[PDB]
Each structure stands twice: as C-alpha cells, then as structure tokens.
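A single chain comes next, written as structure tokens; it is the form deposited in one PDB entry.
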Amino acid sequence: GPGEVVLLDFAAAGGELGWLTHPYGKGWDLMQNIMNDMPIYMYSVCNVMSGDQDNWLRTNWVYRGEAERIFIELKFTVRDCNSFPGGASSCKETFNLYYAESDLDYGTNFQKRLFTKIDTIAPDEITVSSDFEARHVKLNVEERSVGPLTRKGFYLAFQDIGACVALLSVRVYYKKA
C-alpha cells in the first residue's frame, strides 16, 4: 500500500480506457454490469464454442518514467468449462499475460510478435453454473512482476486461447526508491 506509484488502474477509469482488441468482435469485449447500483466494467471473452482462439487485448501505452520494475495485479473470473453444452472441446480455464517495451507508442499498430510472455494466469477457483446463476462469482487475484525496464514505455497484453474470462481489475505500480 504505502510508497506505491500507480501507472495503470483499469477499474478506477470507469470504462473510459478503450483498450485495443485484436480481433475486434467475438474476441475481448468491454462490458458493463450495473447490478450493484454502481456500474463496474470488465474486459470479457467467452468464445468457448469454437476452436483455434487467439484473442488479444492490449493496454494503452504506459510511460515508464523512473520505474525499473513493475508489479501487476489482476482480478478476474473464470467459468467452469463444464458449464457449456459439450461442443466446448476447445474450452480452456487459463489465459496468458504478455508485455512489450518500446521507445514509441505504435498506436493502432499492434504486433503480437513483439510481445514477450510473462506467465500463464490460472484461477484458484472457477465459477460453476449454480454460482453463476445465483450471481455469486469467484473473483481471483494474481500478481506478477517484470523487470528490468529500460525503454520510454511499455504495453501489457492479454491472450485468450478459448476460456470464458472476465477481467475486472488491472493495477500496475512501482515502488519509490
């Protein structure tokens, strides 16, 4: 908590960040839930009924400044693949976290091949159908770190390969030296 410098906080931006999605449509999608009387946002993908999924979500460019190592906190839900009818033969229960450093913001020009994998992100708890239908999802929290960073800025990216994932929070920070 103390002495943390926040470089990115998806949940606090209130649906305004509009991150790049590749492909657009049937891949990652910005969603809103307002059942708490307060809106919450998320990037969701659930293309579990067709195979060969390779869906990418890329944050906006992050200015590195003096940060030398970054810490990444994700909060997310994952639905049990058994929740789906049976042609879910390509369904997965993990997704992948990537990053890329660059000296310039490439804007809409997103190139998978420039990104390095940080880790596979797996849930401690999957959300089964009975809990989904009762609006009692299981929110997972995972943390990773990356360094050393040397360039003007960096991207984070999330690759889905056929899981039913809702990404509710992405918080990136570094510690003051």
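Position 1 is the first residue in the sequence shown; the rest follow in order. Rigid core: the largest C-alpha set superposing within 1.5 Å between the two forms.
- Comparing the deposited coordinates for 76-84 and 103-111, the stretch with the larger average C-alpha B-factor is 103-111.
- 61-69 and 117-125 differ in mean CA B-factor, and the higher of the two is recorded for 61-69.
- When the C-alpha B-factors of 150, 140, 44, 145 are ranked from the entry, the top spot goes to 150.
- Annotation for residue 48: CA B-factor lies in the middle third of the chain's modelled residues.
- Remark: residue 5 belongs to the middle third of its chain, ranked by C-alpha B-factor as recorded.
- Among all modelled residues in this chain, the alpha-carbon of residue 32 has a temperature factor (C-alpha) in the lowest third.
- When the CA B factors of the chain's modelled residues are split into thirds, the value for residue 164 lands in the lowest one.
- Split the chain's modelled residues into thirds by C-alpha temperature factor. Residue 12 is in the middle one.
The same protein also exists as the form deposited in another entry; that form is not shown, yet it is the one meant from here on.
- Candidate set 26, 151, 69, 112; criterion, C-alpha shift of 2 Å or more between the shown form and the other one after rigid-core fit; matching residue, 26.
- For residue 89, the Cα coordinates differ by 2 angstroms or more between the shown form and the other one after the core has been superposed.
- Whereas the shown form places them at one spacing, the Cα atoms of residue 88 and residue 46 lie at least 3 Å farther apart in the other entry.
- Inter-residue distance, residue 27 to residue 88 (Cα): increased by at least 3 Å in the other entry versus the depicted form.
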